[PDB]
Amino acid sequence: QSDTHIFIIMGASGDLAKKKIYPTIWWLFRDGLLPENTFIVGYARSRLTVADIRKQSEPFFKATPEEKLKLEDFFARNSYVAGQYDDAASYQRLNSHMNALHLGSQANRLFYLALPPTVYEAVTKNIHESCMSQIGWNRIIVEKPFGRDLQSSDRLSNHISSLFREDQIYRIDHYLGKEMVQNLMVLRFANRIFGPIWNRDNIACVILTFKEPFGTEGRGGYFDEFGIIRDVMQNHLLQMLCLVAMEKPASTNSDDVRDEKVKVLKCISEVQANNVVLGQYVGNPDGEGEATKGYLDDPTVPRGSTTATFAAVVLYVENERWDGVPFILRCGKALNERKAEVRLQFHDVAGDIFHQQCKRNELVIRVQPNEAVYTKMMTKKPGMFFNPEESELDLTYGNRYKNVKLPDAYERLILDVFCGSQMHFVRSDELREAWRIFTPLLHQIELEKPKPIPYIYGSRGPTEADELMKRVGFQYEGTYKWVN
């Protein structure tokens, strides 16, 4: 558009703004993806100047000697306004400043809330009362945490919704912005090969995985407040579940897609402790650097802490497509690898004519690292053999899509907020559903404080997780050898 656009970084002083948001909008700017008439305004308490932000931020850019773009053009379109987060005059200074930009009164306004959540109500209120364009649209971008249980999430959401329409709320889950997570819809609904099999007649279980090989790395005090399931499971993994489980939406329109995701969530009952295994990492006596230290060997972590760093959990979607099909959600810190992944384990072929030599098919979408889709499969053993054996059909983006830059999540999503696309952004009802499922578990843990199961830095986590997966009907072999 020819419309002017104002991207306000609320909290421009802090680390997220310095190392993520300023770089991200830079890169968007750099690549000709923003509107031409775009201005960046930072707002934080410190008495900063555009020079002080350039010095903070441009070591985090792709600083290249082609920097006319960077040359003030990007920074010339930057300004800064100092201000307190619940001082009304401050927001008049801000609004007034925005107004004095080129067509500032007309411009579309996009407020990035790069702030801690203890200030989200104040900032939000103040924006509403004093800083809203009266002509252009007004969009707010909010980061996790969105509450820490139902009731607290409800507080925040009822506040925001009183001030802003759903039209205006862009809650980011950086997961919706990943290449492979966006691909799920295309994989499923642009292809007949998948789809007729995408149901309980064919699938024995869905595994949704998120693994990190690093522990907590000095920041354990921060993590200890919420733990792994609040961290990763109620947001990222449950999102993947939704995209997997979704009925086909009426259209790609943002709210036809999101009302399929909530629809699924509504068929999932509160998770019971029968279906949970919790883990906390201890260090490896035979390890290297950080890997020697357990969760409790952070001096930032309170002594006797019970917080879990690993959780496997089994959910069920009580509907026609999925009745009975366990959805295993599996995540953790200080594990054997970095990986996030969707796997379908299909049922045994009916009426076996090979002689218990078949192995269940699997469909694997590996979100990270090394973006790949493959199906684990049966072929006839190459050569003089009459036997089936395990093989696969592969799409690996590394090799096929060799010269294709994949954007970072924040590049994609922030672009979506300019283009007005809420598809990849957690809706209010979605967020309620998410909290409903996990809240009574969460409180059970807070109350009764169960000892999580010990596992070694770099292991696959507690063995009890595997027994849970096996008990709901996952089958692990030993037999699938991959090469290349």
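A residue's number is simply how far along the shown sequence it sits, counting from 1.
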## Note on the structure
For 378-386 versus 272-280, entry-based mean Cα B-factors point to 378-386
### Message
Using only C-alpha atoms and the B-factors in the entry, which stretch averages higher, 316-324 or 220-228?
### Response
220-228
### Message
Using only the C-alpha B-factors in the record, can you name which of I40, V417, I445, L34 has the highest?
### Response
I445
### Query
Which one of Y170, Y91, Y397, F111 shows the top CA temperature factor in the record?
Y397
#### Entry: Within-chain third of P462 by Cα B-factor, per the entry
middle
#### Entry: Ranked against its chain, the third holding the CA B-factor of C131
lowest
### Task
Sort the modelled residues of this chain by their C-alpha B factor and say whether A245 lands in the lowest, middle or highest third.
lowest
### Message
Considering every modelled residue of the chain and its Cα B-factor in the PDB entry, is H347 in the lowest, middle or highest third?
### Response
middle
### Query
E121's Cα B-factor: lowest, middle or highest third of the chain?
middle
